[PDB]
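Chains as they are written, first to last, in PDB author numbering: chain C, 14 to 472; chain A, 12 to 472; chain D, 14 to 473; chain B, 12 to 472.
So, in structure tokens, the structure goes:
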């Protein structure tokens with residue numbers, strides 16, 4: 014069954030039980046493109062913002078209290094997730110988010126009406142607002158919340174897991190590799206201190222975006238001038254948003270025209286996630302190479318078994334968490350290109366790529382948050398080192414000749430390494446065989462310098 | 012709900028939701044990869060069902076799989092292919108990069124369906140007989156992508172090409188000013204411009220078709236590493252024959268090289284690259300159309316787009332080019348998806364590229380978005396455009412560059428002085444040519460008028 | 014003619030007058046790929062770093078003063094650009110920069126030898142060093158210098174030019190446009206204040222990368238452990254570098270393994286340039302659209318003529334500086350993808366994409382620096398506004414009905430706007446014709462609300 | 012030198028360096044675009060010279076340009092095409108996006124050369140007769156790109172394909188352990204892996220060839236906006252005939268649609284996309300090769316790469332895989348260049364895409380990098396690889412996954428227990444099968460040894 018609703022273009026048949034109205038239904042028919050709509054966090058921010066705007070409009074005497082309280086109560090239901098099935102509009106809608114803004118206005122109107130209070134979706138629920146400031150405001154609320162409350166705490170869990178291994182393995186000597194070739198000794202702990210620093214720097218990179226990611230366009234209305242909103246509307250709404258979210262990073266935009274003509278802060282936020290994707294690729298690739306084998310690979314560490322590896326090769330177990338991490342990183346890199354493409358292509362007073370940009374930046378936050386915690390807890394925490402094998406690798410590298418450079422010179426040290434490899438002799442015995450024990454190098458000094466744990470220079 | 016049953020695999024016991032048709036390995040993957048909250052698409056589960064039925068058919072034909080087991084597997088696989096069990100595939104896209112988990116998801120659900128019908132089949136020994144995830148999962152990916160290209164995207168692009176070509180003919184004499192660098196140029200017709208858009212989409216179809224010889228290559232039969240170990244001789248060729256008969260897609264074929272087909276996913280990178288060009292073309296077409304529709308009074312106002320919904324929650328009565336916005340946002344998504352596909356494609360190792368589920372998600376999404384938005388763009392926007400022909404002819408006549416056909420008579424430098432003086436003095440080109448004393452042995456008044464006619468200047472063919 | 018030099022792989026024929034030696038010549042033959050090598054700024058940083066390392070090795074008593082002074086003098090010649098033609102190696106060399114490191118070591122050895130001092134390219138000129146810490150150090154020196162001393166000052170020039178127009182045009186009313194459609198009034202000044210903020214925020218974005226862009230790997234030697242360098246070598250060398258460059262943004266890396274296993278700071282710096290490319294695309298596109306015409310476009314502003322526009326259409330002039338800007342932005346976006354691709358693909362103790370990453374990040378700094386200044390000085394500064402045309406456009410938008418929403422309601426205001434367009438009437442006359450003057454809207458209030466300059470709500 | 016002479020264009024007089032062969036408009040562009048400090052490449056100036064000569068030839072054939080003038084332009088254009096005047100093209104890549112400046116650069120230098128030979132020709136009226144920048148500059152870009160693809164890149168890829176295919180044959184029986192997910196898998200041969208690499212390069216050639224029908228499309232004849240205004244009937248067809256005769260490239264053709272050919276550069280996006288796939292393939296090949304050469308003692312040590320230079324300024328005697336490093340860095344550059352090309356390609360407006368010089372720079376660079384590094388990779392790395400065959404056969408025999416052929420005899424789950432017990436007790440698969448009491452009616456000792464032979468397991472025949 015259907016019922017008739019109307020907008021300024023005419024009457025529209027709407028499913029009888031739906032809480033949306035005419036403009037949402039038009040958008041259902043105009044944009045059946047991906048079949049996916051707003052995320053939970055986006056509908057939360059829309060509900061939060063519509064409640065805050067009604068509160069301020071009531072505070073200022075522009076909106077009657079009976080109407081404002083009914084809107085506040087309905088918006089709270091939306092923010093809480095009680096009506097997510099009432100937001101059927103595709104991501105790939107009009108690029109201002111007008112349709113999803115009106116979706117929220119219409120659903121609020123229907124909830125309020127069922128409670129005996131008539132509010133107009135435009136005149137009341139959208140009072141003092143445009144899609145052009147509210148929709149990017151909800152996007153930046155959701156992204157700031159994702160960065161502060163979800164991603165950074167997940168990166169902290171991962172940094173801690175890596176740093177714990179850096180400490181546990183501080184004296185687990187192994188052969189360094191550069192260009193994939195035998196190098197001088199390092200410890201596993203040293204390598205994991207590098208990974209931990211990459212994640213720590215990732216947190217610094219996300220934090221550096223927050224002063225502009227947290228900028229909200231609310232109050233600029235149609236074009237940035239604030240037309241049809243009272244003086245200070247944006248400042249007053251942001252104050253309510255900070256109180257409701259506990260996110261002091263939210264703020265009014267430095268320039269109200271920049272905040273609507275562009276979404277540069279979303280490009281910036283995505284760029285930090287892109288670096289984290291780059292860092293995680295290196296960490297996860299190293300960890301699965303360390304776990305490669307057990308007999309045809311490096312066999313440096315053992316990853317926790319998480320599931321049977323193979324439908325055909327029995328007993329084989331694969332590095333599935335590194336695979337999830339590196340695939341997530343690839344997705345973040347692609348999403349980042351989509352965000353930047355949208356960001357560059359604003360025109361005059363409005364960038365109309367907001368729903369697409371919002372989808373991609375919020376997804377990148379979600380993927381990185383979730384996979385970083387899983388990587389920490391289901392992979393890093395349970396790694397074990399094959400320390401005996403690692404020392405054997407360290408002692409087998411021909412590059413352990415390197416600390417002899419100051420005693421015999423680079424060219425002779427190179428001759429030592431090549432002869433040792435050719436004759437399948439040790440560095441120590443080749444140094445002796447080449448007659449190098451003498452005024453420039455004693456046996457005692459040779460053995461001191463070839464000690465691989467000392468050569469790793471553990472701090 | 013807290014109701015569970017205990018299933019097991021070679022790794023141990025797992026609690027599984029009591030009503031779920033999946034079993035231990037799927038449940039492990041549910042707990043290992045809660046990353047995006049989104050799993051396989053309908054088309055991926057369709058291809059998994061189709062492939063598992065085809066493998067059972069061939070194993071049975073060869074006498075390797077008992078007919079009673081084969082019947083139960085074929086019937087269960089058909090239910091999956093038909094979409095009766097999509098809620099039984101809970102595994103994230105961001106799973107192990109071979110698709111082992113979704114392969115085992117299919118094997119386990121088939122075993123549960125067959126068991127409910129009174130036939131015991133083993134998910135590994137029977138449902139996965141002669142198979143690996145490493146050949147079956149990219150096979151289902153290339154089936155789904157080939158089907159998307161041939162049966163969905165190309166028909167949608169044909170609809171859009173036809174709508175653009177129809178306007179190219181309808182508007183073949185609707186003269187307007189060309190614009191180059193956004194500046195007044197010489198006359199064109201709207202129809203000429205739309206013939207260009209139509210060619211871009213026609214070329215886009217050519218680009219998709221050019222990918223099909225390699226997009227349609229399937230790894231099936233190569234099993235674990237490409238050698239076909241534990242598969243019967245010619246198993247993959249026989250399975251592809253079933254797949255071709257079942258899908259009606261002659262583009263499906265065994266891979267030229269069985270190692271290339273598992274060590275790499277270069278065919279998906281190739282297919283994505285064609286979609287990327289289409290995104291590039293659509294961006295130009297959609298941008299031109301919304302600029303031509305800009306206004307009503309402060310823009311170019313060359314054409315009118317069909318109204319599709321109220322434009323604005325605050326500015327009353329305003330209507331916006333929402334379909335060009337959907338197109339250009341889809342194009343941005345395809346560009347990003349394409350970068351993700353190429354990133355995964357480059358990073359295979361030895362016998363297997365383990366980025367398949369991510370690559371699959373992105374290529375299939377790009378196919379879906381372009382298919383759906385191209386049809387909407389054609390039918391809800393292009394088909395109903397109207398032209399503001401009087402305004403367009405005035406624009407054509409107003410460009411100072413209509414002096415251009417006089418180059419051979421008065422020379423480039425004098426023609427430039429004509430154009431600059433006409434604009435400064437707010438005079439027509441014709442009157443400025445007269446005022447500068449250029450009418451004479453080199454240029455008659457009748458010749459001037461012939462050369463300045465803007466419709467003739469568009470050289471409509 | 015040729016002479017023989019040797020390395021640990023054997024003897025190599027080297028052009029007789031070349032200052033490089035065996036390992037540089039091998040690299041000439043191994044990597045003829047792009048035909049382009051290190052940039053001036055990269056050879057400057059190599060010379061600076063080799064001089065600083067010799068200074069510290071001498072300070073610590075590890076390198077004899079006669080050798081150290083000869084290396085310092087030779088390295089200064091290289092830093093000053095006296096020997097750029099002695100660096101023939103392709104960008105697309107071994108990904109540690111080993112070849113360019115040895116190029117610098119060999120050229121220094123030859124210069125010192127011609128001055129009568131023998132120094133060994135490995136034992137002396139490379140003392141306490143690896144390619145794996147020195148080459149990324151020189152890259153981060155060059156990139157930090159580019160950010161601080163070249164790009165930020167150029168962006169400040171552009172921000173100032175945009176802000177000056179924001180003030181000059183503070184009250185030049187026009188029609189806003191959203192979705193390319195007629196919107197409510199703005200001023201040209203307000204739009205240019207938005208552009209100025211984008212560039213100001215771009216400077217903030219570059220500044221934010223400096224704490225990690227300025228991290229130097231020097232001292233970590235082969236793998237990050239500092240093997241074969243004295244205690245505190247990196248700290249001592251960075252101190253010399255800071256004193257020599259005046260760039261206290263340069264600093265020792267927080268973690269010596271991160272600083273060699275990855276080049277994440279270059280990815281970060283490129284990402285800031287990518288945002289600036291995104292911002293400049295919007296600014297330049299708006300400016301060329303506002304200049305479009307003269308008679309078939311928006312014709313809001315006049316760009317300074319810079320050159321004849323057209324070889325065929327006579328007297329036509331085109332927005333060439335916006336075109337240069339938007340093409341530079343495209344290049345930065347592509348370079349940025351190359352940098353990130355290299356950044357992700359390190360292995361164990363070393364990322365071996367450094368020469369390629371260095372090329373792309375330094376190019377993006379150069380292009381953005383140079384085009385930002387040209388954009389400011391050859392385009393923005395000389396823009397003129399077509400103020401009467403702009404005022405007419407402001408008055409022509411049907412959306413000037415918007416301030417009546419609180420008096421007549423959204424739905425009636427929409428009917429007013431649609432009827433005004435259909436009948437080719439003003440909003441004011443349509444309001445009157447629809448009988449809306451009354452207890453909800455007086456004629457005086459209608460005229461107060463339809464004032465388009467007041468509707469733009471110019472501040473300050 | 013500070014001496015100047017006066018030249019002029021339609022904007023006024025310009026001081027030009029006294030000895031420069033360029034004139035007023037080139038000098039303006041020198042001052043307008045000091046951005047990268049790099050200008051056109053050799054191949055771009057060659058194509059400009061070729062095209063200007065062809066246009067003068069056709070204008071002479073049609074009686075539109077006097078033979079003495081046409082001959083002098085043809086001679087000057089040939090001097091430019093052959094490289095005698097490359098220092099007379101000082102304009103930046105990042106110029107006006109139609110290439111107007113480089114077009115006028117060519118027109119002005121030709122006029123000066125002709126004048127020094129005693130023949131007066133006007134840069135616009137004569138040297139640019141029947142032409143626009145908007146058709147000639149993309150025409151020269153597509154000539155250069157088509158030539159790069161056909162005459163340089165494809166032959167270089169054939170050298171690499173041949174090198175890989177030769178190793179596939181040489182190593183067809185060199186058994187080793189497969190690796191999937193980086194973990195021990197079932198046997199393959201090095202030859203099989205290299206047959207996969209060879210197919211990747213063969214497919215890369217197919218991908219480049221597939222772009223040629225549209226890469227070879229030339230805009231010449233469309234002049235300002237695609238209408239052909241101010242060019243004689245059939246001018247483009249006649250010029251293309253000259254270009255095909257002179258270059259020997261039958262792929263050069265008139266564009267299917269003259270508006271698409273100037274409003275967009277979609278064929279450059281398409282050509283770049285094929286190079287992007289080649290970069291993806293080469294990354295996989297080069298990564299595998301440097302991993303196989305990793306060591307000598309702490310890595311996989313499967314093969315030995317030719318020594319090309321000392322590896323390390325500090326670690327003595329170390330040698331590094333420098334050619335795989337060059338390949339993978341070139342691939343990164345191609346990926347980035349490809350993103351730049353697509354960005355420019357999407358952003359045309361109305362009758363002209365004004366990103367041509369930037370797009371030209373990036374596509375032509377990608378062709379050059381891939382051509383040169385593919386040949387070096389083949390000749391300085393692939394051809395000289397040697398295999399460590401004894402070590403490889405030991406790796407093949409060491410993989411616990413060689414239990415796989417026993418699946419049909421003992422079942423997947425019991426085979427898992429065999430592989431697991433073998434690893435725990437450091438015993439062979441064969442011994443573990445005996446120790447678990449599996450020899451009997453289902454599996455004999457002779458059948459076990461047949462199934463465990465690793466070279467037979469690689470299924471080379």
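Beta carbons: idealized from backbone N, C-alpha and C, even for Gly.
Collapsed DSSP secondary structure at residue 187/C in the structure displayed: strand
With a threshold of 8 Å between beta-carbons, can residue 326/D be considered close to chain A, or not? yes
Run through the stretch 117-164 of chain B for me and flag every whole beta strand (DSSP E) of 3 or more residues, listed as ranges in chain order. none
Continuous alpha helix (DSSP H) assignments of at least 4 residues falling wholly in the stretch 420-457 of chain B: 423-435 and 440-446
Sequence-distant residues of the same chain with beta carbon closer than 7 Å to residue 311/D, five excluded per side: 302, 303 and 305
What first and last residue would you give for the alpha helix (DSSP H) that runs through residue 197/D? Where residue 197/D is concerned, there is no enclosing alpha helix (DSSP H), although the beta strand (DSSP E) it sits in stretches over 194-200.
Does at least one heavy atom of the ligand PLP sit under 7 Å from the Cβ of residue 85/A? No copy of the ligand PLP appears in this structure; indeed no ligand is present at all.
So that I know if they touch, is there some Cβ in chain D lying closer than 8 Å to that of residue 336/B? yes
At least one CB of chain B closer than 8 Å to the CB of residue 210/A: is that the case? yes
Near residue 292/B, what residues of its chain come up, given a Cβ to Cβ distance below 6 Å and the 5 sequence neighbours on each side ignored? 211 and 215
Go through its chain and collect everything with a Cβ distance to residue 20/D's Cβ below 6 Å, but skip five positions before and after it. 35 and 36
Nearest residue (CA-CA) to residue 189/A, options 145/D, 38/D and 329/D: 329/D
What span of residues does the beta strand (DSSP E) with residue 23/A cover, start to end? 23-28
Contact check, residue 111/D vs residue 324/B under 8 Å by CB: the rounded distance? 6 Å
Counting only C-beta atoms, is residue 370/A closer than 8 Å to chain B at any point? no
Three Cβ pairs or more, each shorter than 8 Å: is that satisfied between the stretch 121-133 of chain A and the stretch 156-163 of chain A? no
Taking the alpha-carbon of residue 75/A as reference, which of 419/B, 90/B, 137/B and 441/B has the nearest alpha-carbon? 419/B
Quick check on the DSSP output: what are the complete alpha helix (DSSP H) runs of length 4 or more inside the stretch 351-410 of chain A, in order along the chain? 367-388 and 400-409
Give the DSSP bridge partners of residue 19/B, in chain order. 24/B
Quick one: using the 10 Å Cβ neighbour count with 16 as the cut-off for buried, is residue 113/A buried or exposed? buried
Assigned exposure category for residue 17/D - 16 Cβ within 10 Å defines buried: exposed
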